[PDB]
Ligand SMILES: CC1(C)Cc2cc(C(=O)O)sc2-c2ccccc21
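As structure tokens, one chain now follows by itself in the form deposited without this ligand.
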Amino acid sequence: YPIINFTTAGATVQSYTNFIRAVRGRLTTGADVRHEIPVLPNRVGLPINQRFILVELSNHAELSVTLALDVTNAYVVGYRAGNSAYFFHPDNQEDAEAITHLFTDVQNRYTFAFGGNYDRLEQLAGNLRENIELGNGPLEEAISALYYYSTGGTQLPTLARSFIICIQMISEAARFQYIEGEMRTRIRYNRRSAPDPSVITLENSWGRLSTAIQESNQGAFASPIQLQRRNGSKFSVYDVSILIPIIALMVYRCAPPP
């Protein structure tokens, strides 16, 4: 499986930008593009030898962890840290079988009893996304927390908070140029802030947007989708045009019309 590398150690807007770019390149094949927006590979009929990509994360503290993402949705399904690998609770027989193809030589394999969805993680973390800071520092720390989990160094709430940091700074950033942009800003000015309403709203609407777009009539949505700006004010989306600068990847929802 392909491996993309990134380190928080001396991270710059450029290093992070090159990183996210390489991830998108490994997530999509460039076969499916609609209205100038790349669509992730359809899960139906996808060979297992092309199912995942690995994201190796390192930090100034010289520690490393490797995240395993599913190319069909960019979701983080588990990670490896030294002699141990942990997987979120599979959601169906297919996914449970699939993950057995990852980190095949790790001494110890574990499968969490909870899922990797935000609702669950926030609950375990004891904080919502709107109250969990993002930036190079939080990522630096997250990497450390994931690494010391198997040795009893990381408490569950802190591990959950860590996943939430990694998922938004890697997967969400890959999905949205907008979100990638906010992270770049954080890195440039070395600031540590929780995600604003525009970020949360986008994170929550990825699937809907992907469908609205793909099911659109020449790019015109049947029904508008409500998003939020940074000051939390409402603003409707009726067309894919205004999303081109915003969404970088879509989950496959349907076949494109002729």
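If you superpose the two forms and keep the largest set of C-alpha atoms that fall within 1.5 Å, you have the rigid core. Residues that one form lacks are left out of the comparison. Note that residue numbering follows the sequence shown and begins at 1.
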For 15 to 23 versus 233 to 241, entry-based mean Cα B-factors point to 233 to 241
If you take the mean CA temperature factor per stretch, which one wins between 70 to 78 and 86 to 94? 86 to 94
Sort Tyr189, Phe221, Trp206, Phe52 by C-alpha B-factor from the entry and give me just the highest. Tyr189
Have a look at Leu102, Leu124, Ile164, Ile143 and flag the one whose Cα has the highest B-factor in the entry. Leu124
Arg184 CA temperature factor, ranked by third within the chain: middle
With respect to C-alpha B-factor, does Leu156 fall in the lowest, middle or highest third of the chain as deposited? highest
Determine, from the deposited record, the chain-internal third of the Cα B-factor for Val65: lowest, middle or highest. lowest
Among the modelled residues of its chain, does the C-alpha B-factor of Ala31 lie in the lowest, middle or highest third? highest
Rank-wise, by C-alpha B-factor, drop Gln177 into the lowest, middle or highest third of its chain. lowest
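The same protein also has a form deposited with this ligand bound, omitted here; what follows describes it.
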One residue of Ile53, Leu227, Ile37, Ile213 in contact with this ligand, assessed in the entry with it bound (non-hydrogen atom, 4.5 angstroms): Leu227
Even though this ligand is not shown here, does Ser198 get within 4.5 Å of it in the entry with it bound, heavy atoms only? yes
In the entry with it bound, does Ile20 come within 4.5 Å of this ligand, counting heavy atoms only? no
Might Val13 be said to contact this ligand in the entry with it bound, defining contact as any heavy atom within 4.5 Å? no
Going by a heavy atom distance of 4.5 Å, is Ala248 a contact of this ligand in the entry with it bound? no
Those residues of 167 to 189 which, in the entry with it bound, come within 4.5 Å of this ligand by heavy atom: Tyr178
Tell me which consecutive stretches, at least 3 residues long, show Cα shifts of 2 angstroms or more between this form and the one not shown after the core superposition. 33 to 35
